[PDB]
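Worksheet for the structure shown next.
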């Protein structure tokens, strides 16, 4: 089997991407944030505290003839940005772009943090990291991908995120029309439960490439590119007037600037992030200070190849017995 679904930016900045997901019988379609940095499929639901729901579409398990309470199971998750959610668990039929999994754990939120409430466009998350990170207790549950894997034509999914435009998540096949040149594959460590890999270096604008190993995670659920402070300083030093602002929470730059590109290495290959991808706009409405899309990972404890990086590439998440990651230009 295969699946193919369009993923759409939630706003004009590509702060996140939502993908329609069919849950239950008859189908209830929710727009979920596909997140290769976590491993829970959780939704706003009829069980979510009413004051914490503000415009989201909810899953109502009592209206699904295929829903079953997973008795005794609970979940609770906290994300790198300080947001969180928790609740109980149902199993139900879940379909993405024509690919159907029966018996998928659908984690129903009883509580969500304010960041989730305030984002009316995201109805929940669909985790695509390794199932070892799934938070369901006392019986850990598998991700949608893990459940689908054996049925897929090939045990892969691909992320093709758009810049200020829709893109695609495919399951079970590689669309050879969706990228240019060849795909370069690189080793993955699953030891921390992430799609963790090592970039071979970087360049700023038309500058020379610096060969240096940068361990980090491919994370579709993180907006920005978080890299070591040395790398980030070298980038922003090429933008007149750019500075790190402790009050704003990262590098800012004059909105009048033209940003240089940023290149990262994948083996001997190179992925170029255009300068425009690195512009996240005014820090507040009407400001002439703009927020940068490359930020320091210092104090995160890990480097994160988030959407800023991934949307410059066609990315293969290869879930074969020994997982790997592939990157192509597009």
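We number chain A the same way Swiss-Prot does; the residues here are 90-419, in that order.
The backbone N, Cα and C atoms fix where each Cβ goes, and this holds for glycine too.
Here is what Swiss-Prot says about this protein:
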- 106-417: domain 'Peptidase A1' (DOMAIN)
- 124: active site (ACT_SITE)
- 288: active site (ACT_SITE)
- 344-379: disulfide bond (DISULFID)
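Residue pair residue 344 (disulfide bond) / residue 288 (active site) shows a Cα separation of 30 Å. When the disulfide-bonded residues 344, 379 are compared by the number of other CB atoms within 10 angstroms of each CB, 344 has the fewest. Cα to Cα, residue 124 (active site) and residue 288 (active site) are separated by 20 Å. Distance noted between the C-alpha atoms of residue 379 (disulfide bond) and residue 288 (active site) is 27 Å. In this view, residue 288 (active site) is surrounded by 22 other Cβ atoms within 10 Å of its Cβ, with every protein chain counted. When secondary structure is read from DSSP and collapsed to three states, residue 124 (active site) falls in the strand class.
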